[PDB]
């Protein structure tokens, strides 16, 4: 049976970008093959030069977004090169059995493995490393991403009418817990293992030191802001593998939102802000109507503006005065 199915290999891209795919399936079920390489590396996460030992899927935080269709088979080749120091694995919330695949994918440095699972449920799911005994440490070190399982006939609104996006971006939100000394300065370590003991004490406080989008404070700002034009329909996938978040598009809305990200449920309409539970991926669809800069944020404003959970969208087009206008510009009373 599987023997007889067609197979296509897909090369992943760096977040916030997503690999090429079809919204509405043009072929029947296939075996979609992906390859990911584990990369343990130093990453500076803020302006002051704070550095951490990140554990990544393909060198990025978050790992890349995989896109398949309902009932396709996902075949993943996972490589943990000998240059790494730790054992890793992968658990797909999209999969059924063996701890999402975690129990079948344990690889020490120098090993690789190939897992296959059937994508039976449509929606966006989280995938993350989960080694027995060090689960939270690997997850909060940036070792998580997401996979989107699109219905074979694309997305639909609450009335069952088609929703087609022109652009899609993937925003992975990460909570970090950097160990501190007595005065409050962040610690620095030589290898991941040296950090271990302190990492555990830092996590138990339940208070992140940083909460960032795409691995660093300011990662999606300035020259890296997400782009769009007035009239374009944009799908924004957002994941949080360990902690709750509440996305909000400043100056806009989530016209159609699947906060818990499962496509067999009708979406929520006109959301100002929505709650994505830790350990979940959600998706919001919106059509831009005004040009300018928009701030995309986690709406606990301290987490957004003090801790790093903020990104930008710079949109082009003509301003619509019917929607909004300054009647009297700021001036002396």
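Superpose the two forms; the largest set of C-alphas matching within 1.5 Å is the rigid core. Positions refer to the first chain, counted from 1.
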Q) Quick one: with the core lined up, is it 149-157 or 100-108 that wanders further in 7 other deposited structures of this protein, going by C-alpha RMS? A) 100-108
Q. Is 191-199 or 239-247 the stretch whose C-alphas end up farther from this model in 7 other deposited structures of this protein after a rigid core fit?
A. 191-199
Q. Mean C-alpha B factor from the entry: is it higher for 158-166 or for 175-183?
A. 158-166
Q: Taking the mean of the C-alpha B-factors per stretch from the entry, tell me the winner out of 233-241 and 102-110.
A: 102-110
Q: Select one of 271, 290, 37, 287: the residue whose C-alpha shows the highest B-factor in the crystal structure entry.
A: 37
Q: Would you mind checking which of 295, 52, 68, 276 has the top Cα temperature factor in the PDB entry?
A: 52
Q: Select lowest, middle or highest to describe the third in which the CA B-factor of residue 56 falls within its chain in this entry.
A: middle
Q) So where's residue 43 on the chain's Cα temperature factor ranking, which third? A) highest
**Q.** residue 140 CA temperature factor, ranked by third within the chain
**A.** lowest
Q) Which third of the chain does residue 30 land in by C-alpha B-factor: lowest, middle or highest? A) middle
Q.
Looking at the temperature factor on the CA atom of residue 209, which third of the chain's modelled residues does it land in?
A. lowest
